[PDB]
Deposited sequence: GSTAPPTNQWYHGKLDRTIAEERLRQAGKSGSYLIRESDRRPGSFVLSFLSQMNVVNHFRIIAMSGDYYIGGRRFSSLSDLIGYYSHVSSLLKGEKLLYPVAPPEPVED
């Protein structure tokens, strides 16, 4: 569950991880290092374009595209199962597993 949370992660590594997944509709959530306390939905769109959508944390709520959410998980759920953003969240990209010691 919620494999798509990468915590603190810069833009370049986020784009690397999404491009590694390689399919349009791949996504992750990271807490912006440039704007801490805010988050980014990073999303691989068509034609090798990564979009980085700011998500605003306001009043215990989370805002993206004027829609309001109670948790980052609720936000991911909505753009996966209710409506497109219009592109659709399809493949959650999990953080790289720990390496073989």
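Within the chain's deposited sequence, the coordinate-free stretches run 1-6, 92-93 in sequence order.
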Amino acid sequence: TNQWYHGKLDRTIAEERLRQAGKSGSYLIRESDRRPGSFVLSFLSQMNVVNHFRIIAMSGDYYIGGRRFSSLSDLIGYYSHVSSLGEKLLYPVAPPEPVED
From here on, numbers count along this sequence of modelled residues.
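Higher mean CA temperature factor between 58-66 and 37-45: 58-66, per the PDB entry. In this crystal structure, the stretch out of 48-56 and 69-77 whose C-alpha atoms carry the higher mean B factor is 48-56. Set against one another, the Cα B-factors of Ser84, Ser24, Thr12, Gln20 in the record reach their highest point at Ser84.
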